[PDB]
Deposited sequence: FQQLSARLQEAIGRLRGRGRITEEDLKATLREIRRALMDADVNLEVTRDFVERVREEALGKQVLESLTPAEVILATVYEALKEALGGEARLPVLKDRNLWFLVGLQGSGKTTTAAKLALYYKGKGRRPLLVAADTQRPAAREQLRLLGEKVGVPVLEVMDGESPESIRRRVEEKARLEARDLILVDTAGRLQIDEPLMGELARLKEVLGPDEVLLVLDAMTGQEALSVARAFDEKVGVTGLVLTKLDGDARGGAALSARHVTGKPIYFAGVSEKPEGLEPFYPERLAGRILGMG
């Protein structure tokens, strides 16, 4: 998160080699951190809580008596970033059979993520089945067919206007014949959220009964990504998130605000498992 990393590092760096710092020195730093977070598109309330968390913790660490307050602030900011990011790494719970939905807008990288996820679990010994569930657009189904072909994972393409009941029947049949134990359903991706889309997704959910509903989000959209996350959760109901294009995000607002705003864990980063602790370190220039 380029710009956030630099600002945070410069802020902590300013207190380096000054001996003990004053009360206003601390407040100044806290103000630099707050401004750094707002610019990174971190939610207003999340930013507010972050700065207070660092204040309370640092004071608890006797920061004003410290001869190396910069180290105390460093550790405190690291801890706050780690927690904001999710705290500890989390992954979906696999069982005998699993059917998960991959939901998100067109452009979130939902379809490529579906294939990437299948390859990831195949490597762990699972037998995935990709399901191209867009009942209106053949091109979207073809894209996943091609992707599955490349990653060596089977793809079931629904037909135009196929009912949720027919989709369930065919999916169940293929899974039985091919001993598939992880079904990844790539739902319809559209440029914007419209009620008809959400209604079909909600219906498809009632019929297929997925164990997990993964919302794929383009990290580069910032807070907007969480607005989308709220909508999808209210209309369909999500269980976890996948943030793509993290390398392009010089900010980090979405990743840093997700837990607080949505209450949903970030399972994967666009692809490998999401590691809060590892990213908190990289943000501070140590990763």
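K.L.:
What ranges of the deposited sequence are left out of this structure?
P.N.:
In sequence order, there is one gap with no modelled C-alpha: 271-277.
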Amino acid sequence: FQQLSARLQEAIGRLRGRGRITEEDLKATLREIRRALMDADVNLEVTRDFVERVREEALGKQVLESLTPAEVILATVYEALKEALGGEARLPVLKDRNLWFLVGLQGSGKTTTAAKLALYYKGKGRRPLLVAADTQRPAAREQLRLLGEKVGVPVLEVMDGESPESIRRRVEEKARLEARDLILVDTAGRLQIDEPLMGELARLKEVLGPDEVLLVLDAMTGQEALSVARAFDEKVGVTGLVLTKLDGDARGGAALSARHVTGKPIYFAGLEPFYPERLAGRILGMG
From here on, numbers count along this sequence of modelled residues.
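K.L.:
Do the C-alpha atoms of 121-129 or of 194-202 have the higher average B factor in the entry?
P.N.:
In the deposited entry, the stretch with the higher C-alpha B-factor mean is 194-202.
K.L.:
Going by the B-factors listed in the PDB entry, is the mean over the C-alpha atoms higher for 18-26 or for 272-280?
P.N.:
Higher mean C-alpha B-factor in the PDB entry: 18-26.
K.L.:
By the CA temperature factor listed in this entry, which of these ranks top: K235, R53, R251, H260?
P.N.:
By C-alpha B-factor in the record, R251 ranks first.
K.L.:
Among the chain's modelled residues, which third holds the C-alpha B-factor of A58?
P.N.:
Tercile = highest for this residue's CA B-factor.
K.L.:
Is the Cα B-factor recorded for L67 in the lowest, middle or highest third of its chain?
P.N.:
Middle third of the chain for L67's C-alpha B-factor.
K.L.:
Just say lowest, middle or highest third for the CA B-factor of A84 relative to the other modelled residues in its chain.
P.N.:
As the PDB entry reports it, the C-alpha B-factor of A84 lands in the middle third of its chain.
K.L.:
Sorting by Cα B-factor within the chain, modelled residues only, which third would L241 end up in: lowest, middle or highest?
P.N.:
CA B-factor rank for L241: lowest third.
K.L.:
Could you say whether, by C-alpha temperature factor, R169 belongs to the lowest, middle or highest third of its chain?
P.N.:
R169: CA B-factor falls in the middle third of its chain.
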